[PDB]
Amino acid sequence: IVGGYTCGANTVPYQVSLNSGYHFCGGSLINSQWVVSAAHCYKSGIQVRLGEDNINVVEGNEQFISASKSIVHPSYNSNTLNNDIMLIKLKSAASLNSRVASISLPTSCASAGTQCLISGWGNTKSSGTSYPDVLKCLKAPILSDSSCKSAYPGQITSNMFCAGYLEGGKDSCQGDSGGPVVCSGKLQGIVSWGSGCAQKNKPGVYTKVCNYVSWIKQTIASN
Ligand SMILES: [Ca+2]
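Using PDB author numbering, the letters of the sequence shown map in sequence onto residues 16 to 34, 37 to 67, 69 to 125, 127 to 130, 132 to 184, 184A, 185 to 188, 188A, 189 to 204, 209 to 217, 219 to 221, 221A, 222 to 245.
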């Protein structure tokens, strides 16, 4: 997260870190057994880390639980990033309390202009590299589909939205991928892609979660 703020420990209780020996992506806990992330985050050997603040220090609220299964969206295209969504099942159910908690799926799609909270342990610099150890947060509005398409000609599908600031300076970034965009207490987006980070006229692009609720629910019901 570039241009954000330190969230505060366990203030984003649905935020998870996906770990294979190191943090590599974010995700969102949507019930005691299941995490939503980006398909482009797929790999084998995932350990889900819940209750994290500093990902390099054991602070007392962590739950580390290995994934038993991953399910990449059936129509995920890694070239265009269309349908950049995946489900990860935990080998055992997480213990839910105020510091570790699921986030609700949307009942309807959020609109341009709605404020959301984007969070992650990704790079904090637009030029060069610095990774924070604690969770970073950014409040950002959803942008119009027109401005989104104008920013990225020929690249924005019906399964994507832009959020952030056309002026630059405030954005998600490398290492934030798969993490949440939450608006009015609902998971509305997944950190997906963008051209660098926090560049002028290159806002972040996010997976449009509301399009996937039926797939998520059905998949969970049978796995
Ligand atoms: Ca920790």
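Don't be surprised by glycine CBs; every beta carbon is placed ideally from N, CA and C.
- The three-state reading of DSSP puts residue 231 in helix, counting H, G and I together.
- Bridge partners of residue 20 according to DSSP: 157.
- In the DSSP assignment, residue 169 falls within the alpha helix (DSSP H) that extends over 165-171.
- In this structure, ligand 1 has no non-hydrogen atom nearer than 7 Å to the beta-carbon of residue 118.
- When the beta-carbon positions are compared, residue 102 and residue 55 come within less than 8 Å of each other.
- Apart from the 5 residues on each side of it in sequence, residue 149 sits with its Cβ closer than 7 Å to the Cβ of 143 in its chain, given in chain order.
- Assigned with DSSP and collapsed to three states, residue 58 falls in helix.
- Looking at the DSSP output, residue 40 shares a beta bridge with 34.
- With respect to the 8 Å criterion, residue 155 and residue 80 are not classified as neighbours on the basis of their beta carbons.
- For residue 24, same chain residues with a beta-carbon under 6 Å away, outside a window of 5 residues either side, are 71 in chain order.
- Shown here, residue 188A sits in coil according to DSSP, grouped into three states, outside any helix or strand.
- Residue side-chain check: residue 77 places its Cβ nearer than 7 Å to a non-hydrogen atom of ligand 1.
- The Cβ atoms of residue 181 and residue 234 do not sit closer than 8 Å to each other.
- Restricting attention to 47, 202, 190, 16, the CA atom closest to the CA of residue 133 is found in 202.
- A straight-line Cα-Cα distance of about 15 Å links residue 222 and residue 169.
- Cβ contact annotation for residue 189 (same chain, cutoff 6 Å, sequence separation greater than five): 17, 184, 220, 221, 226, in chain order.
- When only Cα atoms are considered, residue 191 and residue 216 end up about 8 Å apart.
- With a contact defined as Cβ atoms closer than 8 Å, residue 40 and residue 73 qualify at about 5 Å.
- Between residue 209 and residue 47, the gap from beta carbon to beta carbon is short of 8 Å.
- When the beta-carbon positions are compared, residue 230 and residue 211 come within less than 8 Å of each other.
- As DSSP reads the structure, residue 198 sits in a beta bridge with 212.
- For residue 87, the enclosing beta strand (DSSP E) begins and ends at 81-90.
- DSSP links residue 141 through a beta bridge to no other residue.
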